[PDB]
There are 2 protein chains.
Amino acid sequence: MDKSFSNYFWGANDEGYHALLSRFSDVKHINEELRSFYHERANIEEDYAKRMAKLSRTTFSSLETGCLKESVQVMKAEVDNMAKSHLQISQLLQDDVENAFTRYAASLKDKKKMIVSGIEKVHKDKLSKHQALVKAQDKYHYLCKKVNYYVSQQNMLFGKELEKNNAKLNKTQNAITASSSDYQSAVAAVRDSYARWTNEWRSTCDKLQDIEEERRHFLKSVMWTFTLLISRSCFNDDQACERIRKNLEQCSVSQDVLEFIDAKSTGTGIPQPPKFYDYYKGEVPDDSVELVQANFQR
Amino acid sequence: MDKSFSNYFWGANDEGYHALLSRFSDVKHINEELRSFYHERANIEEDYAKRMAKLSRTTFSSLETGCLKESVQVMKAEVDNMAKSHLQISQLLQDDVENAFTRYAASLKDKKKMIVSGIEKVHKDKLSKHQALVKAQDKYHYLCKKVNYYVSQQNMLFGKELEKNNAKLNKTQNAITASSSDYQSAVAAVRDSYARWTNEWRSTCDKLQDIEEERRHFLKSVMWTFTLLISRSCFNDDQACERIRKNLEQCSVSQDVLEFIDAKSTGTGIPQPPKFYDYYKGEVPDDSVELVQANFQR
């Protein structure tokens, strides 16, 4: 005996019928919870991306020089690259994760419509025949019961009331044939309906088991996709960080200081103190600052 | 000739003196710009973490079953772990990156007060001696021009006008010898002051260059730290994703469905159709629902 919905969702009152149908709302509930969860997770990522992009738009002054200035620019460009990545990730979190639940809820609605329709008609007919069977069985039952009574009256009745009784008895006996006939027809019709019901519910159970099995594969894959997206985000950001470090590694402080000196130098000549100007040896005061070239060791 | 601050920041008007001193203001503004940048970056990270922790506090319904139910909890728990990680990272960004500039700013301020202390006095003495020189220089040549006036008017003059003239000539000629010595004394003093200034400014230059070198090593170090922190964040999140994937790998859909069937089964008995009970001969309904156990294949 196989372990499937086909063999384990029956019951004397179609318990499996009402159960598996009502489960559709539980599946929908679970699906909506996760959609809502990942909806927020995506917006969190988007906001993060947006703020990081805004930060990348920061303008610095022109006060820094050399490769150190370049490093700040590279760093800002790479923070921007991280923003772009996170924005792309948030978009995928919405489209491939969040919206996957949305597309599932839309698909499930159609699946339920197709399944519920093609089984509730069969079920309604099953109950319809069964009602007709009980109604027919009852008529035939209490007709036989009246015959029993009318015969028992023959022992104590007399006169015109005995013949009136025997008239009722005779009329009731002739009703038995048709009543028994309609009853047996009701038995036959209910048998066929049950036979059709057994086959149809089996078919429905197979389809309902498919949905459940696909549901669990779906939920696993989406959560899997979620981790793939975040791991990708980590790879991207780490690569950006590595590029910042590579740029920093190539940034020589001593070379920067050299270039700083060349660009900011104010003079290599040391001003000499003013000398004595003897009025008599033709000497005359001048303003030309004598310069002696600096020649110190660091 | 070494390429150092000590050899390249002179100039006839002490341009290098004023340039390297106002340099402190630029260095401070660069540091503040970066501090502000990483403050926002740390802030973005903190908001990210806080919002992600709030999300992981979501409560899901207990409608889900099996390993899948466990996987959803593992997923949400690892989302929680990522939030905690991003929170600590934001704290380290604040204390080790952002606050690094704050610690540097304090040390730079106290360092500046010492450089400015030991050089501004020396510079004023240079300017003070120079003012004393130009004043003595002017007095000397003004007297020389005046002795020259009375001399050129000698032969042109006569008697009592000559005597009045020559009297002012003697008084002036006398003063010239004295002012010439004061002029020379000033020249001697100024050359001493310029010598001290030269030796002191080169010393200060060497210190200022140490500061500039220190500064560039510092900013690179803090940027480096920034990348290590983000990379560490990437690592933690990726590990969290791995752990989620380890759990999904071990979760079996088949087993979940098998356990679902076991828990939710509503019966294995197929209800059989009601039979015809010949009431007319005393055949009484056995109101039992005959159950033929299902044996369908999947």
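Residues numbered from 1 in each chain as written, not as in the entry; some residues may be left out. Chains lettered and ligands numbered in written order. Heavy atoms only, no water.

As deposited, the entry is annotated with X-ray crystallography as its determination method and 2.3551 Å as its resolution.

Looking up chain A in the PDB entry gives the name Septation protein imp2, with the organism given as Schizosaccharomyces pombe. This entry carries the title "Structure of the Imp2 F-BAR domain".

Novice: I'd love a proper account of the overall build of chain A, names of residues and values included.
Specialist: In terms of helices and strands, chain A carries five helices and two strands. Helices (α) and strands (β) of chain A occur, in sequence order from the N terminus, as α-α-α-α-α-β-β. For 298 residues, the compact-globule estimate of 2.2 N^0.38 gives 19 Å, and the C-alpha radius of gyration of chain A, at 48 Å, exceeds that figure by more than 25%. Overall, the C-alpha framework of chain A stretches about 185 × 40 × 25 Å when taken along its three principal axes. (Helix = DSSP H or I, 4+ residues; strand = E, 2+ residues; numbered from the N terminus. Rg over C-alpha atoms; globule rule 2.2 N^0.38 Å.)

Novice: Lay out a positive patch on the surface in plain terms, naming residues and giving numbers.
Specialist: Residues and elements named next belong to chain A. Side chains of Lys28, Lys109, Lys112 and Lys113 sit close together on the surface and give a patch of like positive charge. For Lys112, the position within the fold is in helix 3 (residues 66–152). The exposure class assigned to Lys112 is partly exposed, which follows from its relative accessible area of 36%. (Patch = residues over 30% accessible without salt bridge, like charges linked within 9 Å, V, L, I, M, F, W, Y side chains within 5 Å. Areas by Shrake-Rupley, 256 points an atom, 1.4 Å probe, with all protein chains shown as cover. Salt bridge = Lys/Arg side-chain N within 4 Å of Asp/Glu carboxyl O. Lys, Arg positive; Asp, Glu negative; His and termini not counted. Charge placed at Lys NZ, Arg CZ, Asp CG, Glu CD. Buried < 20%, exposed > 50% of the residue type's maximum accessible area, 1.4 Å probe, protein only.)

Novice: Residues and numbers for the environment of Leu157 of chain B, please.
Specialist: Residue and element names in this part refer to chain B. In this fold, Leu157 is placed in the loop between helix 3 (66–152) and helix 4 (159–250). Sequence separation between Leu157 and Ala77 is 80 residues, and the spatial gap between their C-alpha atoms is 116 Å. Excluding residues that lie within four positions of it along the chain, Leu157 makes contacts with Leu162 and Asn165. (Contact = heavy atoms within 4.5 Å.)

Novice: How would you explain the interface of chain A and chain B if you had to name every residue and give the values?
Specialist: Size of an interface, as often reported, equals the accessible area lost when the parts are brought together. If you look at the interface, chain A gives 121 residues, while chain B gives 122 residues. Taking both partners together, chain A and chain B bury about 11700 Å²; carbon and sulfur atoms supply 67% of that area. The largest per-residue losses of area from chain A upon contact with chain B belong to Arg216, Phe296 and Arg298 of chain A, which jointly make up 7% of the total buried on that side. Along the contact surface separating chain A from chain B lie 18 salt bridges. Salt-bridge contacts for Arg298 of chain A lead to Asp206 of chain B; the nearest nitrogen and oxygen are separated by 3.0 Å. Our count for the contact surface shared by chain A and chain B stands at 57 residue pairs in polar contact. When contributions to the side of chain A that touches chain B are tallied by element, the ones reaching two or more residues are helix 1 (5–8), helix 2 (15–56), helix 3, helix 4 (159–249), helix 5 (253–264) and strand 1 (269–271) of chain A. (Buried area = accessible area lost by both parts, 1.4 Å probe. Polar contact = N/O pair within 3.5 Å; in protein donor to acceptor, adjacent residues only side chain to side chain.)

Novice: I'd like a description of the packing of helix 2 of chain A against helix 4 of chain A, backed by residues and values.
Specialist: All names here are of chain A. Close contact between helix 2 and helix 4 brings their axes to 12 Å; oriented N to C, the two are set at 15°. Of the possible angle classes, the one that applies to helix 2 and helix 4 is roughly parallel. Here helix 2 runs over helix 4; the crossing is left-handed. Considered class by class, the residues forming the contact of helix 2 with helix 4 number 18 nonpolar, three polar and six charged. (Axes fitted to C-alpha atoms, helices over the stretch in contact; angles between N-to-C directions. Parallel < 35°, antiparallel > 145°, perpendicular 65-115°, else oblique. Left-handed = near helix turned anticlockwise from the far one by under 90°. Nonpolar A, V, L, I, M, F, W, Y, C, P; charged D, E, K, R; others polar.)

Novice: Quick one: what's the story with the relation of the copies chain A and chain B, residue by residue and with numbers?
Specialist: For the pair chain A and chain B, the relating rotation is 180°, the translation along its axis is 0.4 Å, and the fit reaches an RMSD of 1.5 Å. On this basis, the relationship between the two copies can be described by a two-fold rotation axis. Distance from the rotation axis, computed per C-alpha, reaches its smallest value in chain A at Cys234 of chain A: 2.0 Å. Both copies present the same face, since 98% of the interface residues in chain A are matched by interface residues at the equivalent positions in chain B. (Least-squares fit on C-alpha atoms.)

Novice: Describe the pattern of salt bridges, and please don't skip the residues or the numbers.
Specialist: All names here are of chain A. The final tally for this structure, using the stated rule, is 51 salt bridges over all chains. Linking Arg243 and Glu78 is a salt bridge whose minimum nitrogen-to-oxygen distance equals 2.9 Å. Pair noted here: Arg243 is in helix 4 and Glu78 is in helix 3, with a separation of 165 residues, a long-range link. The exposure class assigned to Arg243 is partly exposed, which follows from its relative accessible area of 39%.

Novice: Which residues make up the state of the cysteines, and what are the values?
Specialist: Residues and elements named next belong to chain A. A full pass over the atoms with the stated rule returns two disulfides over all chains. Shown here is the disulfide that connects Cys67 with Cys251, its sulfur atoms set 2.0 Å apart. On the S-S bond that ties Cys67 to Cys251, the torsion sits near 85°, and the link is right-handed. Of the two residues, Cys67 sits in helix 3 while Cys251 sits in the loop between helix 4 and helix 5, which places them 184 residues apart along the sequence. This pair shows no difference in class: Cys67 is buried, exactly as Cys251 is. (Disulfide = S-S within 2.5 Å.)

Novice: Run through unusual backbone geometry, naming residues and quoting values.
Specialist: All names here are of chain A. Despite not being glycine, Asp14 shows a phi value in the positive range, around 55°. Tracing the sequence through the fold places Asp14 in the loop between helix 1 and helix 2. Relative accessible area serves as the criterion here: at 9%, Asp14 is assigned to the buried category.

Novice: Give a description of the environment of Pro285 of chain B that names residues and reports values.
Specialist: Along the chain, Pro285 of chain B turns up in the loop between strand 1 (269–271) and strand 2 (291–293). Spatially, the C-alpha atom of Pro285 of chain B lies 9.1 Å from that of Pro274 of chain B, the residues being eleven residues apart in sequence.

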